[PDB]
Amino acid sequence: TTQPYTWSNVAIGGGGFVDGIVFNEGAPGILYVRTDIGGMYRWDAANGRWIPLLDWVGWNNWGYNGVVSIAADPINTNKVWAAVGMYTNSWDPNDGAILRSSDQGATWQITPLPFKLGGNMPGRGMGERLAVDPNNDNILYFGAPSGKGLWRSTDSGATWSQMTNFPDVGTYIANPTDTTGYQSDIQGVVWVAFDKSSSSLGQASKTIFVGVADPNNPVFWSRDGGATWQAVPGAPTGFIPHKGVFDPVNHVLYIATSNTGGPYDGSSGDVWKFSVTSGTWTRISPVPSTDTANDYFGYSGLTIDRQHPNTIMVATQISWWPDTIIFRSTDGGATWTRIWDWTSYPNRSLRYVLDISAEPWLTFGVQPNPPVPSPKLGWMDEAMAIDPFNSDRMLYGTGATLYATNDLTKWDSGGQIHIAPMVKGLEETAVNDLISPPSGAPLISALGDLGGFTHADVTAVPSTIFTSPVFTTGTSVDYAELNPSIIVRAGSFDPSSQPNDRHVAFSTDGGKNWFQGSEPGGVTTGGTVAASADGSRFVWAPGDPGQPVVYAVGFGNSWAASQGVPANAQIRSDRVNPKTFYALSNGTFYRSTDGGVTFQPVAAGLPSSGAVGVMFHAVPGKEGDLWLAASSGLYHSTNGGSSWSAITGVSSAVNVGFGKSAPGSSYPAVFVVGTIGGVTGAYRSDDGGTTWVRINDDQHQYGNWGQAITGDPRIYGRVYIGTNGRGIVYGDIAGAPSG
């Protein structure tokens, strides 16, 4: 049974790291971006929006939203490829793949690779790893991580094998002692740049450069179309090349280097040019690494203006304070100017005007504090690209958004360029928790990096992230079910930089304004929080490992330890009885009936394994009525957790929530991301779990989604589902069910 639905994103706009930008060099108006956890997009200029291309990716192949590299075919501009896969350690159970499309990513074919890829690993801002030969589109190269070396396809990306003659698989490892495998992987072969001049169309390009993450040997080349390879003689040492771009008009290679792989660091590095004709390397760094006093950054975001290839740009990788710097040269690197300069301290002259009218929350809840701007130009600007058909258009990514200008050449004439977010249709947040209260705002969200929002209108970008306090990352939100103006949120931030602020905070006006009391010592992460049905008391399991579960009678006025419940348990409140709280920890279920003061175990040997951890939740209006989502099934208790029953027909559930009952039912509608009849997706039941209807489809899957889910108690059929890198999606009924 299926039901047609309409799916949309809650309006936020960007919110994550956009770590590559690829224009097609073959025809105008063809532009793609990649993200680390949130797929890739194509720019739709007619409608002024980004179109997501990988939302067909689901739970079975969820790593494919980790986009390692994009190549765009300049001979047949309908063609585009992507390298995909998210981690190279145990955290992604699947190998990566090369995806190919002949309709600009509307549809794709998949070739899995025999090894994992690192879309969300260290070094992900380096690239592009994947490249198409601009003289023969049958031929592609891919620089692989993990010591897999350099790969090639000679059938336009359908099949791949290793170039076993390539002499250096990479040596650089960010932290070889990391036993999780996250920092300890070889970063590998990091970009391929063709010399289009080195052949005529219809014949493979003979001269190929390859960037390698090996500070002693950062660049290799071939002159015979890959039959033989050598280190480019005289290549500079000591740094990893984030970027390599060839200019076949003047016959030079440009590289931008840093002492780390990025994307969060980089404290020294250089920009160099290599002349094919003379063999001469020329250092062209705006601030050279040999100027140890002043060079506090490496370099990345390397781009050439293809209409005027003496024009090149680069960005600091990385300058945290006072802001990033973006540099421009209109003479091949001989001289540079910058996007801002010191005048006399803390004053600066700016070559730009930054307008965040469409994305006002980008101040991150903080006023400008000279010399520090708010909003900032950016940070983690590994990606930057001038449009190869329009010198005035340039984009650059940051850790939180994508910025663009359409008047770039005003820079050269002594004016200010105009920069603004370019994120319509691009939603890249990672969602930890969601509530839809029965009065006030429709939706309050707990998000990675932004903290979260009170969303007055899910179609309108909010004005501000949560403030007083600002959270770096929101982990949990709740409301008092019978006093729904009372809201509680918990979250994560470094205490040393916010000592007046707390990791748990409150509102009595439905999330419009917040306030805070106290907290236990040593809290840095949010964990889970639960509000009593009357809003008079709260039970909180702070996030740091081993923090005792605590309760407050009041708004965090003061906290005392809850007896009988393990640190870091998942805490929920009953939606009816203001003195009843529940917890789940390592297969044991606990209940308190004295408002969180004491808990006792009431069931055990329960599910502890789930795709987003085991989730459970209490039902509005039904005392003691609990639903629990786990890898082995969806389970239901009607006696406060003392006993549980499998819901027949659901083989697995990621998460469960509730919304407004159907006409003629007095039970809330139940929504799950789960598996029914061998099909994983979103489902709603209007009769208390007896029957289920599928409410999404195979084009609307969103990968590892379901960390958060809630229905809307004011809108029958409406569901809000958190994703991990595609923001908050929501669904409405758009038709009658099939049966």
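Residue numbers run from 1 along the displayed sequence.
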With respect to the recorded C-alpha B factors, which stretch has the higher mean value, 160-168 or 117-125?
160-168
Using only the Cα atoms and their B-factors as the entry lists them, report which of 58-66 and 44-52 averages higher.
44-52
Whose CA atom has the top B-factor in the entry, of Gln367, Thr260, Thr473, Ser608?
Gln367
Looking at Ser222, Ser439, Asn138, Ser573, which has the highest CA B-factor as recorded?
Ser439
Chain third (lowest, middle, highest) by recorded CA B-factor, residue given as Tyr716:
highest
Where does the C-alpha B-factor of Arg684 rank in its chain, lowest, middle or highest third?
middle
Within-chain third of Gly703 by Cα B-factor, per the entry
lowest
Ranked C-alpha temperature factor of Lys660 among modelled chain residues, by third:
highest
Looking at the temperature factor on the CA atom of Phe671, which third of the chain's modelled residues does it land in?
middle
